[PDB]
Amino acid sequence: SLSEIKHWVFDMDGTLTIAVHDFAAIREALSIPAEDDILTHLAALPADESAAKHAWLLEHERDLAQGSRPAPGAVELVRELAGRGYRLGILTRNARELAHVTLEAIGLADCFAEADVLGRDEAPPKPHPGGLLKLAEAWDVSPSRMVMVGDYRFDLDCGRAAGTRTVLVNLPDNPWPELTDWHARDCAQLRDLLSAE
């Protein structure tokens, strides 16, 4: 049962936080009417114009980015787990300092012990198991009793390599069934699963 796992490890980008983008710049560049939602409008254009505009959006993802915000239900999930006294960690490609700043920004800095936030300098890149093995050792716990929560195949591969359980969030379905122990559309639904199962 998911509620039996008391040691949780989170990816950051795409899991606890998501990139936000300049909506007004997007609307101007792609000629979206104010009364239309961006994606709904693009989906309704002729296929060739839709493809061209989507390709442009993707090409300029970084130009249009404006930092990040908490992913849906992420703050809620982490606070729920922290409230249970569970042990929480982070395994991110970000530098530890930046991860720290982000955690403070989204109001979750107090939910993770500083030593349990592993960044660029503390662990090899996913899907290398190193970071999870480090946490498992620091926590004196079997990996089979930890869960790795992520949104990308490398997060799941990392969990499988280290031997932890794995959770996919922030996709609506189950694209890697064999790599994925639990899946939820987002952290809010994951919190619901935790509560029910």
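Numbering starts at 1 and runs along the sequence shown.
Which of the two stretches, 67-75 or 94-102, shows the higher mean Cα temperature factor in the record?
For C-alpha atoms only, the mean B-factor is higher in 94-102.
Which has the higher mean CA temperature factor in the PDB entry, 150-158 or 40-48?
Higher mean C-alpha B-factor: 40-48.
Just say lowest, middle or highest third for the CA B-factor of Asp11 relative to the other modelled residues in its chain.
Ranked within chain, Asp11 CA B lands in the lowest tercile.
Can you work out whether the C-alpha temperature factor of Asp181 puts it in the lowest, middle or highest third of the chain?
Answer is middle: the recorded C-alpha B-factor places it there.
Where the record places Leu193 (Cα B-factor, split into thirds across the chain):
Its C-alpha B-factor belongs to the highest third of this chain's values.
Record-listed C-alpha B factor of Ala19: chain third:
According to the entry, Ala19 has a C-alpha B-factor in the chain's middle third.
What third of the chain does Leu30 rank in for C-alpha temperature factor, lowest, middle or highest?
For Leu30, the deposited C-alpha B-factor lands in the lowest third.
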